[PDB]
Amino acid sequence: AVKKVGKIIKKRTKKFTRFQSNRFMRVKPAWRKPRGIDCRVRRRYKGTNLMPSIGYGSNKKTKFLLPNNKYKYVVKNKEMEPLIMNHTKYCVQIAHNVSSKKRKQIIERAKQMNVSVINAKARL
Amino acid sequence: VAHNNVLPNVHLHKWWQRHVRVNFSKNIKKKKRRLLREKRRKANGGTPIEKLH
Amino acid sequence: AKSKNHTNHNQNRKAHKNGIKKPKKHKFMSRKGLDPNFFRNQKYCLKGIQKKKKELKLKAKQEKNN
Amino acid sequence: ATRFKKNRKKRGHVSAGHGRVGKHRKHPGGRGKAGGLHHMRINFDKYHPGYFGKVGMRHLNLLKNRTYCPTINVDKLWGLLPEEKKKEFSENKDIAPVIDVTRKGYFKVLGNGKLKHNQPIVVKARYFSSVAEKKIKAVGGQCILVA
Amino acid sequence: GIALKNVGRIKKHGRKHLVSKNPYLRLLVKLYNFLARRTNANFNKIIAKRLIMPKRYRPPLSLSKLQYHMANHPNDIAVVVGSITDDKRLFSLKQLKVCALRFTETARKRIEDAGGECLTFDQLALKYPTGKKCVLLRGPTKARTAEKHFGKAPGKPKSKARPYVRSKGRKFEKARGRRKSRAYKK
RNA sequence: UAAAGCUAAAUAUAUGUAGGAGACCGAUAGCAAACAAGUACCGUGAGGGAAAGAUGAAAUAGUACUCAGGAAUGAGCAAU
RNA sequence: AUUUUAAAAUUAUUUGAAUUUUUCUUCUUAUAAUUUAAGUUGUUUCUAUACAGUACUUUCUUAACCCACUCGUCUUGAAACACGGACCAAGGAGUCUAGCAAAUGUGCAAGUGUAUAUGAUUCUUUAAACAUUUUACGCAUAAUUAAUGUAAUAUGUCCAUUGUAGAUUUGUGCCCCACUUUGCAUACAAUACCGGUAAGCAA
RNA sequence: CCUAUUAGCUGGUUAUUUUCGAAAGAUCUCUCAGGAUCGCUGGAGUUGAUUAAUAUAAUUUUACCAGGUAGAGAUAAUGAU
RNA sequence: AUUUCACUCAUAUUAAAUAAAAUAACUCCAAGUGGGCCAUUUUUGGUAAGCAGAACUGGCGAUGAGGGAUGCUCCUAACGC
RNA sequence: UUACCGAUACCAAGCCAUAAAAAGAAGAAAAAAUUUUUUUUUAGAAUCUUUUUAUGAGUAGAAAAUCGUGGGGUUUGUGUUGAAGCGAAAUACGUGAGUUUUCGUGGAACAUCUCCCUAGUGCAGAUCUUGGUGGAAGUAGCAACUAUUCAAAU
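Chains as they are written, first to last, in the deposited numbering: chain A8, 2 to 125; chain AL, 2 to 54; chain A4, 2 to 67; chain AO, 2 to 148; chain AS, 2 to 187.
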């Protein structure tokens with residue numbers, strides 16, 4: 002069912018799973034388009050692992066923005082200069098390969114910059 | 002053969018891996034020849050190696 | 002193995018898929034080998050009229066170009 | 002440059018872009034040009050009519066070195082020489098160029114073109130053509146043999 | 002569903018973008034397509050379309066043909082989308098005003114000595130944006146050799162298609178179906 | 001100007017050896033073989049022919065001592 | 001942020017008139033706002049007076065109504081009483097070369113390519129880059145016939161063959177169409193001219 | 001070892017989405033499980049339209065054409081009967 | 001018969017009607033394809049066949065959705081969420 | 001004879017993508033406190049930005065935009081305050097290959113999506129190969145050659 006929250010209108014959840022990935026371990030949950038001949042999914046039988054298509058794509062007016070109504074952006078060491086102007090539009094996430102000292106300085110600068118952080122409590 | 006192409010004329014019908022030999026050593030062979038001829042003229046007391054024709 | 006010896010099914014639909022093509026219907030038709038001893042005269046006719054028209058053209062061109 | 006190949010777009014397609022019902026088989030028709038006059042003759046008769054049969058007498062050792070003769074049409078003669086010399090020759094009514102085409106590397110002079118009226122030119126070539134000679138002499142020029 | 006040819010989507014034919022990845026020419030087309038969009042003159046539209054054509058359809062145009070085609074009216078400026086090649090088969094040239102993309106040093110020297118000036122498309126835009134007093138020309142598109150293999154298949158009755166041959170000796174495609182003596186002919 | 005003869009250079013190297021390199025492979029890859037390899041092994045013979053790298057900084061830090069069990073091994077408060 | 005404006009209607013004035021003959025009767029002269037114009041705005045609560053919870057968003061497991069035949073394959077016809085698949089991890093298949101053609105992009109352009117090779121205070125990287133005394137060759141500039149060979153208007157003029165349309169172009173009625181001016185490219189023809197073979201003549 | 005011989009035949013031939021999208025005819029084939037060929041398709045590019053036209057139409061109408069199937073015959077031919 | 005001139009033949013709905021008629025026309029490169037089948041109607045051989053073989057058209061294949069309990073082809077109807 | 005129920009067909013509206021279409025190479029709005037401060041923006045990227053309409057099925061088959069992998073120049077970083085990997089997971093993003101994160105383990109390297117060059121590059125299968133593990137199962141079975149019993153030592 003479509004989920005409606007504020008202004009972001011999402012049309013689908015339950016990230017799609019590969020056909021037959023239930024009773025076959027070697028088939029991983031990552032989706033693929035089965036080619037086959039009589040492969041059911043291609044025929045689109047009534048109610049059996051319906052496949053992704055273009056129609057499920059959300060609205061580009063709101064597409065990439067996160068429930069924070071704010072696009073996310075990665076940071077590594079000190080790259081906060083391009084964030085000063087658009088503090089109402091871009092949230093910042095620390096890269097997972099950042100040590101505690103650098104992450105501490107980044108969180109210090111960001112908090113006074115007044116920009117939200119996603120993984121604030123990382124490795125501490 | 003497939004429609005409007007030239008008639009194939011490839012003379013590779015016999016074994017040719019046995020005889021393929023590319024020349025990677027062009028420039029270094031040139032340098033070796035230069036050094037050899039320079040030494041040949043240097044050892045000759047300054048007399049030019051070339052001959053009138 | 003028995004093989005179907007002929008059919009003409011689906012041929013009309015294949016023909017009309019691209020639409021029945023029409024000849025280009027150009028204006029002039031060549032006279033390479035049509036009823037000679039008439040176009041033999043006609044070629045001389047054209048040469049004569051062209052000669053008169055072009056010689057008058059050159060006469061006018063000279064009398065206007067001094 | 003390998004990922005630009007067509008094959009890199011059909012990895013998950015079973016047939017690899019070479020058909021399913023027909024299948025891809027090694028040398029279906031026959032190796033080389035094997036279909037001559039038996040089953041591939043329609044292609045030969047449609048694209049290379051005169052491929053089959055032999056015509057003409059035999060030159061044993063042609064030795065192409067003998068009958069080598071580059072050709073120059075008669076109009077390009079003025080273009081051969083530099084344009085400033087062209088201007089001075091055109092200006093003067095008393096001097097005419099001499100073009101020994103052997104120096105440039107040309108042998109025969111052919112009659113195609115349209116020279117400049119009332120201007121003589123001297124030409125020296127191993128061979129001439131009748132129409133070229135007529136054109137040259139019609140404007141006061143001279144054909145001079147050389148060897 | 003609907004009963005529409007090509008399911009009701011309009012399909013054109015031609016270049017939708019310049020595949021030519023060349024910054025100066027990209028800037029130039031950015032200028033002329035804008036001129037076409039703003040103005041209503043077909044001249045700008047045509048020249049913008051012609052700057053997008055492939056390399057094989059902006060062909061060289063020789064000085065002889067260019068001068069011959071301006072022989073009717075002497076005061077106008079020629080615009081040719083391709084480059085103009087010098088022709089050694091011409092003797093003298095007279096006061097020609099041209100605008101092309103590329104040139105050849107011999108042609109440039111010849112035209113400068115003649116006394117004209119090589120207008121580039123920037124100068125053409127700055128001087129005559131409405132196409133005034135400019136005649137549009139292009140060299141022979143189909144005269145290129147690869148078109149000699151086109152048309153009817155070589156071997157068709159009354160066909161004039163050069164067939165692909167390794168050479169033109171007396172044993173290369175000269176016997177069967179080309180002379181009455183050996184089977185049919187043509 | 002045949003039916004006698006000689007000769008360095010310009011040229012080739014999937015051999016052996018000795019050096020030097022790499023938009024090459026990185027332990028099912030790369031030579032069959034990174035290690036005790038043409039070894040173990042198979043076939044009476046011509047011959048066929050493998051698997052197997054990484055403790056740790058330092059084992060000149062490689063498991064001392066107690067208890068239980070025949071010993072293996074186990075547990076500790078004991079110990080690197 | 002230069003059509004959420006115009007008018008369109010409504011109210012309340014005013015203007016003249018009208019007619020179906022008057023409290024939604026109509027047509028505007030002039031005025032100010034309303035919106036039925038010109039895509040849903042307002043009011044009251046709750047979340048809630050808290051920093052993680054039973055609330056709130058989400059993952060997972062269970063159930064519930066409805067539906068759903070093992071995939072891959074050759075095949076007109078696959079879930080088949082057609083064949084391969086006990087399971088897992090790794091490896092595993094349109095590549096490379098020569099030659100040609102086409103499409104595209106680039107340089108140069110009647111020329112093009114610098115080949116072998118040459119010179120250099122280049123000589124870790126340098127087995128690359130740089131450079132090439134006034135026709136070396138390939139491919140192209142002209143074709144054709146078995147072949148001796150022959151070889152593209154023709155000197156009236158540095159016009160550059162002729163038609164039918166045909167892009168532009170200069171103007172007449174700175175944006176259309178009809179009138180004369182140029183006639184790209186090309187398309188369909190016609191002409192000449194070169195080789196070849198016929199035919200007539202023929203020293 | 002030649003040799004990784006050849007195999008018109010069997011099996012396989014690995015990531016997404018979007019756009020377009022078929023044939024199982026016809027000629028020839030020591031051809032009938034194959035192949036070449038046009039026909040159907042895609043991609044590319046060009047000329048013409050963008051001016052409710054002109055080309056154009058699996059369309060109908062107006063005019064003008066050609067056929068010998070059903071049907072009808074046995075006294076109109078032939079053959080019956 | 002040709003060329004050049006006269007003159008002018010609806011053209012403002014357009015030498016009948018109607019046209020999502022320029023989604024055209026052409027040229028080039030190329031894959032797959034080249035065993036078909038079912039259905040109303042016509043029809044050949046055979047007694048007949050879910051047979052063998054053709055004909056105009058549509059489908060199936062290449063395709064699911066609702067119905068015929070159920071079904072590769074029947075009826076409605078062809079699929080972005 | 002009415003009334004009804006009945007589709008991924010039809011109609012109205014919303015959103016996606018494709019194609020076409022119309023058009024484009026520089027200025028202050030509002031709210032809250034109390035005229036002054038605070039609060040949000042003040043946009044101009046042409047294979048783009050704004051807007052309109054139509055359409056949306058597909059095997060063999062072709063093209064485009066794409067997402068990852070081993071390397072390589074080029075820019076610019078992360079690393080003992082623990083990187084690469086791996087297990088579990090995420091009010092996480094896409095439509096989707098996947099990307100990005102938190103916790104635990106780990107003990108030395110890792111990415112570049114700034115643009116590009118290159119390739120032994122993406123797996124479920126091939127009675128695929130190599131290595132390991134199942135159910136079948138504590139089951140079949142441990143059968144010929146007649147036969148062993150007691151007491152003690154060890």
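The beta carbon of each residue, even a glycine, is placed where N, CA and C say it ideally should be.
Residues are counted here when their Cβ sits less than 9 Å from a Cβ of chain AS; for the segment 4-28 of chain AL these are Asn-5, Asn-6, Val-7, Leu-8, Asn-10, given in chain order. The Cβ atoms of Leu-91 (chain AS) and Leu-64 (chain AS) lie closer than 8 Å to each other. Counting the other CB atoms within 10 Å of its CB gives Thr-142 (chain AS) a total below 16, which places it among the exposed residues. In the three-state DSSP reduction, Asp-77 (chain AS) falls in the coil class, being neither helix nor strand. When the beta-carbon positions are compared, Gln-68 (chain AS) and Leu-97 (chain AS) come within less than 8 Å of each other.
Counted as a single uninterrupted DSSP element, the beta strand (DSSP E) harbouring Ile-10 (chain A8) occupies residues 9-11. Proximity of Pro-24 (chain AS) to chain AO, defined by a Cβ-Cβ separation below 8 Å, is not satisfied.
Chain-order list of chain AO residues neighbouring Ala-144 (chain AS): empty, with the shortest C-beta distance near 17 Å, by a criterion of under 9 Å. Within chain AO, the C-beta atoms nearer than 8 Å to that of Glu-174 (chain AS) come from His-49, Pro-50, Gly-51, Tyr-52, in chain order. With contacts defined by Cβ atoms closer than 8 Å, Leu-125 (chain AS) and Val-80 (chain AS) form a contacting pair.
In the DSSP assignment, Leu-137 (chain AS) is bridged to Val-80 (chain AS). By the C-beta criterion, the segment 135-143 of chain AO is judged to be in contact with the segment 104-116 of chain AO, since at least 3 inter-stretch pairs fall below 8 Å.
Under the three-state reduction of DSSP, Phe-65 (chain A8) is assigned to coil, being neither helix nor strand.
By the criterion of a C-beta distance shorter than 8 Å, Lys-186 (chain AS) is surrounded in its chain by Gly-178, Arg-179, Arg-180, once the five residues flanking it on both sides are discounted. Three or more beta-carbon pairs separated by less than 8 Å link the segment 47-60 of chain AO to the segment 161-172 of chain AS, which places the two stretches in contact. In this structure, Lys-65 (chain AO) keeps its C-beta atom at 8 Å or more from the C-beta atom of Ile-100 (chain AO).
Per DSSP, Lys-115 (chain AO) lies in no alpha helix (DSSP H) segment and is marked neither H nor E. Boundaries around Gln-94 (chain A8) are those of the beta strand (DSSP E), 91-95, since no alpha helix (DSSP H) includes it.
With respect to chain AO, the C-beta atom of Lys-98 (chain AS) has no partner C-beta closer than 8 Å. A direct Cα-Cα distance of roughly 49 Å separates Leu-51 (chain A8) from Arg-57 (chain AS). Nearest in C-alpha terms to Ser-91 (chain AO), of all of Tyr-107 (chain AO), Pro-121 (chain AO), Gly-30 (chain AO), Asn-74 (chain AO), is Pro-121 (chain AO). Assigned with DSSP and collapsed to three states, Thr-146 (chain AS) falls in helix.
Per the coordinates, the alpha-carbon of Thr-18 (chain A8) lies some 6 Å from the alpha-carbon of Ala-31 (chain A8). Boundaries of the beta strand (DSSP E) harbouring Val-76 (chain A8): 72-76, taken from the DSSP string. When CB distances to chain AO are screened at a threshold of 9 Å, the residues of the segment 74-101 of chain AS falling below it are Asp-88, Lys-89, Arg-90, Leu-91, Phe-92, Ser-93, in chain order.
A distance below 7 Å between beta-carbons, with the five flanking residues on each side excluded, links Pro-164 (chain AS) to the following residues of its chain, in chain order: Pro-155, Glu-174.
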